[PDB]
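A short worksheet on the structure shown next.
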Amino acid sequence: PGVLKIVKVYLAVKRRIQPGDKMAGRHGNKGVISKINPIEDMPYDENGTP
Amino acid sequence: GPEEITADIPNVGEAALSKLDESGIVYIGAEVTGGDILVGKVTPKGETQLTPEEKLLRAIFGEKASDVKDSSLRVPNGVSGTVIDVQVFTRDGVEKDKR
Amino acid sequence: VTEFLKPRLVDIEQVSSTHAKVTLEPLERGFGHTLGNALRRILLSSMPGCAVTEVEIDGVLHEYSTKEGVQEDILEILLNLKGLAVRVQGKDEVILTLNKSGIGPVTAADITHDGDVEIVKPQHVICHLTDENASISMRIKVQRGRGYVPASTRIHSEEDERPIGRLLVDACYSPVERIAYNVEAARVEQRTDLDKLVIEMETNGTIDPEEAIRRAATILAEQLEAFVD
């Protein structure tokens, strides 16, 4: 009775990880996203695969 | 008086009305930033006397008369992004169907 | 210096259209690793290449909506195309336009590939139309850049711009994004045993590999001297 009409609008906003993200592992090991350096900083494999 | 959505927000900047479509609500497909106003409902306001100063204002500005209070839907603070969809359910007895 | 034996690149190999392997004459130890490091940095990060900056379709706005017939949506199309790369000339801000009608597989032949918009990998999974009445035409601005960035950066530059319909697109822009520098001890017989360096560089087609080697090592000299002051 109060409202003659209602207009519901839903907006979808994306989201990528950031300083402060929380990952989890199925072995119950979890963690906070702490520091990401340039990909160069990653140790290089024997084939260099960082 | 009923509050209806027609983008006739009193004291509304053009860019604000430049997003809402004719029915106060806006169209579909782009993004929205900040506290952008989405649907413009106008709350009815009480009337007054002949009000010579207000009469002069209406003769100067007019089209407001302090009759429509801005009851517009606006984006929340810290809320911005793309829009999934909108839906209007109108009670029986109201058949606007403007959009 | 003292018999520095400045070497030169030799037997630079190019296996495919999207990578190369450059061998080099030998050099000293305790520096070849550092030199290769600097080279990989200047080739991959500060890497002049091409990517996609703007997208558009008359019926398809910023919202992630699947085009008629096209199985993938706007975000999904962006993803599927992202698996490839496009070419612009020495001039940046080129535009490619993928347009196709029918129901056959969607690929890059029916896309704007010019003398300043070039295509090499022309059969990607591009969400072919499924309805006969559909005829898809999406236009992606493919410009030239160097470094990773999001799409909200261009909000200030395109505020009265980027109106309802123009899609602003981001990128990660490391036009090499993969280059391996390996220092070994070989290619020295008469003098001190020396370390030869191999660069396994690789791009998505945006630029030439030996060109990236020259650019990176030029930057290497440039910033190398800057320590003088």
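Just so it is clear, none of the values below were taken in a lab; they were calculated from the coordinates. Note that we place each Cβ from the backbone using ideal geometry, even for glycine, and neighbour counts take in every protein chain shown.
Shape class of the protein assembly as shown from the alpha-carbon gyration tensor: prolate, with a/c at 1.5 or above and a/b greater than b/c.
The angle between the Cα long axis of helix C:209-225 and the longest principal axis of the Cα atoms of chain C comes to about 60 degrees, rounded to the nearest 10. Can you bin the stretch C:49-173 into rounded, prolate or oblate? Criterion: square roots of the alpha carbon gyration tensor eigenvalues sorted a ≥ b ≥ c, rounded for a/c under 1.5, prolate for a/b above b/c, oblate for the rest. Since a/c reaches 1.5 but b/c is at least a/b, the shape of the stretch C:49-173 is classed as oblate. Over chain C, dividing the summed -39,500 (n - 2.57) contributions of all DSSP H runs of at least 4 residues by the number of residues returns a 222 nm mean residue ellipticity of -5500 deg cm²/dmol. What is the angle, in °, between the Cα long axis of helix C:32-44 and the longest principal axis of the Cα atoms in chain C? Nearest 10 is fine, range 0 to 90. The angle comes out at about 20 degrees.
Of C:113, A:27, the sequence from fewest to most neighbouring Cβ atoms within 10 angstrom is A:27, C:113. Under the simplified labelling scheme, the residue A:36-residue A:22 pair shows an inter-label distance of 1.9 nm, with each label point 7 Å from Cα along Cα→Cβ. Between the stretch C:69-117 and the stretch C:167-209, how many Å separate their Cα centres? When both Cα centres are located, 29 Å separates them.
A simple charge model with +1 on the Cβ of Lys and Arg, -1 on the Cβ of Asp and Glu and nothing else charged puts the dipole of the protein assembly as shown at about 860 debye relative to its Cα centre.
Taking amide H as placed 1.01 Å from N in the peptide plane, the amide H of residue C:14 sits under 5 Å from that of C:21, each at least 5 places away or on another chain. Backbone amide hydrogens, once placed in the peptide plane, bring residue C:142 within less than 5 Å of C:53, C:94, C:95, C:96, excluding anything fewer than 5 places away on its chain. For residue C:111, nonlocal amide neighbours, meaning residues 5 or more places apart or on other chains whose placed amide H falls under 5 Å from its own, are C:99.
The 3J(HN,Hα) values that the Karplus relation (6.51, -1.76, 1.60; θ = phi - 60°) gives for the stretch C:18-23 are, in residue order, 10, 5, 7, 10, 10, 9 Hz. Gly and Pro appear as x.
Across the cross-link table entries A:14/C:82; A:35/C:21; A:5/B:41; C:6/C:196, which are compared at the Cα atoms, the separations over 21 Å belong to A:35/C:21.
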